[PDB]
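Just one chain is shown here, as C-alpha cells, and it is the form deposited in one PDB entry.
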C-alpha cells in the first residue's frame, strides 16, 4: 500500500501511494509514547480543508508503531531552506511566501483556530512553491462559550504579549507571531534570539514592538507591514484579511519567483 523511500527527518519518511503514484509523507511514532500533541495536531488537520494547510490522509498501526500519513512538501520548511542555502530571503520572496501564509491564517481564524506556533520552521513549501502551514500540536480552538484562550503556550521568541500575560486572547495572537516570522526570514533569527528564551518572554510584554536590526535595508512597504503585525494592543491589531490588502502583500509576485530558491536548495 505504501512504498517507503528515504528518511527526511519518532521520524518522517517519503513514500509513494502505490494505488495513485502520489507522493506522501509518513510520520512514524511508537504507540508507547506521549501522543498528546500528535492527537491534537491530527484533530486540527482533520477539520481543515485548505490548499494553504498541510493535509492529513489517515493513520495505521504497524508493529507497535503509529504511521501518520500526510501531505508531502518537497522543499521543506522556510527555515530549512534558509540554512541549506545559507542565505536569508529577499523582500519579494518573503512577500510571496507570507501572502500564502496569510491565506492559511484567514482560513484557520475563520474556522476559530489559533495555530499558536507560527514561525519559519512551521511554514512548508512544496516543489511548485506553494506554502502550507504545518505543526498544529499546540493549536487552540475557540467555541461559543469560550471566545478567548488563556494558555501560555507557543515558542518564546514568537509569542504575542497577550499570550504571555495572564489575560485571554484570540486569533490575532498569530498575527504577532507572523510579524516576528517576517523578521526571522529577512534577518535569519527573531528579535531576542541571542538571549535566554525564559528571560526573553518576560521582556516581550514590557518592551516596545521589535524593529529590524538594520532598518536601512528594507522598503517602507515591508517596514510598515511589520509595524502593523506587531501592534501591542490585540484589540487594535490587524486581521489576516486586512493584511492581505497591505501594499507589501497585495502586490506580491507569483510563486514562479521562488523557483530560484527551491532549485538551489533542492
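Numbering follows the first chain given and starts at 1. Take the two forms, superpose them, and find the largest set of C-alpha atoms that agree within 1.5 Å; that set is the rigid core.
Omitted here: the form solved in complex with a small molecule. The next part is about that form.
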Here the chain appears without its partner; judged in the deposited complex, the stretch of 175-183, 122-130, 147-155, 96-104 with heavy atoms within 4.5 Å of the small molecule is 122-130
Partner contact for residue 188 in the deposited complex: the small molecule, 4.5 angstroms, heavy atom: no
| task | Classify residue 70 as contacting or not contacting the small molecule in the deposited complex by the rule of any non-hydrogen atom within 4.5 angstroms, answering yes or no. | result | yes
I'd like to check something about residue 91: if you look in the deposited complex, is any of its heavy atoms closer than or equal to 4.5 Å to a heavy atom of the small molecule? no
In the deposited complex, does residue 25 have a heavy atom within 4.5 Å of the small molecule?
-> yes
With the core superposed between the shown form and the other one, a CA shift of at least 2 Å among 252, 15, 244, 257 belongs only to 15
Please determine whether the C-alpha atom of residue 49 is displaced by 2 Å or more between the shown form and the other one following superposition on the rigid core. no
**Threshold 2 Å Cα movement between the shown form and the other one for residue 222, core superposed** = no
C-alpha of residue 213 moved at least 2 Å between the shown form and the other one on rigid core: no
